[PDB]
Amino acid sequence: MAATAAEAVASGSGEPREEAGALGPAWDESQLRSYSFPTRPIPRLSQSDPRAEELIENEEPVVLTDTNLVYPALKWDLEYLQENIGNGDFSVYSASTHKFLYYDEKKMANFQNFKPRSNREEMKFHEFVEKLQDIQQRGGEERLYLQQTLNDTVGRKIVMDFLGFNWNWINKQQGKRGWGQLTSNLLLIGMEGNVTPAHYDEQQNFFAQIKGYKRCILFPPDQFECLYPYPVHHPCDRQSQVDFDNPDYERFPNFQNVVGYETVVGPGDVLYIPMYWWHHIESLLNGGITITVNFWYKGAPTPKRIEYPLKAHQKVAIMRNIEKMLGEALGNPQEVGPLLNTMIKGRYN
């Protein structure tokens, strides 16, 4: 029965891998949050495996198990970083719930009624660690999530570790895929259970996991209809409006047609998150703090000759520009929706 076959292929992230030296099961299935949609698994391949090279070429997700990308960083932990990370400022988001919804501050102007559920607070790494200990101590409920681009102000050891990254392999991936420059390296340190709601980025990404475990649920760009992103001018642009813990099927009916590609990454794994692909990231429950460093690259320029029919991500590019252009042309981003509705009601819908 094809329905039975499908219920099997929705094997999730699969069986938890058994760590070396029989150190027991890496993670438990009960450490995963429960959702209302099926998910097939993202392939776990070797960087030498031709299939992995193929998936990256067709802009499809893949977890590379042996890149040694951030090998020197696999020894990173709070104590190490606190001594070597430096004394620069670190962006740290604080929330009252596990969901850390991103919000662009430049766009909060056009939406006064928007009240962010988490707050950003600059601080020194030791303060962050301190604040991390305090919550643990007082057994509080407050949650933190450090997200900071790595810069000039990192200790010599951190700089040394950087040199030990497998630049040879990633530089080639950049060159062979025609990708633009490396724009940044986001350091992500979050508490257990922390969740980064579904969204898509406008850059290619090599998600290098360093400490703890993260469950990554991805969705193809052709599932734009099922994820309902906020209006482009909204501070939550590029994020999904659908609450995964409580989907409003009335407002977002197509979310019942959604199918994800999930996987759990651990220390040493590198997940390729293709540009435009939606992704939901969560630090496993009771798995301790997680550490990740990503690599963001500008995408390849638009081809000289356009082929048809257009690919999904191209339509996404187009829909985004339409909203932008309208916003500029009407002089007020608030008039975008009314115009669009007027344009389609009784005409195209």
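We number the residues from 1 along the sequence you see.
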Worksheet item: 23 to 31 versus 312 to 320: which one carries the higher mean Cα B factor per the record?
Response: 23 to 31
Response to the item:
The stretch carrying the higher mean Cα B factor in the deposited entry, 199 to 207 or 171 to 179, is 171 to 179
Response to the item:
Top Cα B-factor in this entry, restricted to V129, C236, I273, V264, sits on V129
Worksheet item: Highest Cα B-factor in the deposition, which of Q148, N84, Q241, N166?
Response: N84
Discussion item. Lowest, middle or highest third: which one holds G140 when the chain's residues are ordered by CA B-factor from the entry?
Written reply: highest
Worksheet item: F111's Cα B-factor: lowest, middle or highest third of the chain?
Response: highest
Worksheet item: Based on the entry's values, in what third of the chain does the Cα temperature factor of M123 lie: lowest, middle or highest?
Response: highest
Worksheet item: Thinking about Cα B factors across the chain, which third does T302 belong to?
Response: highest
Practice prompt. Ordered by C-alpha B-factor within the chain, which third holds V9? Give me lowest, middle or highest, please.
Written response: highest
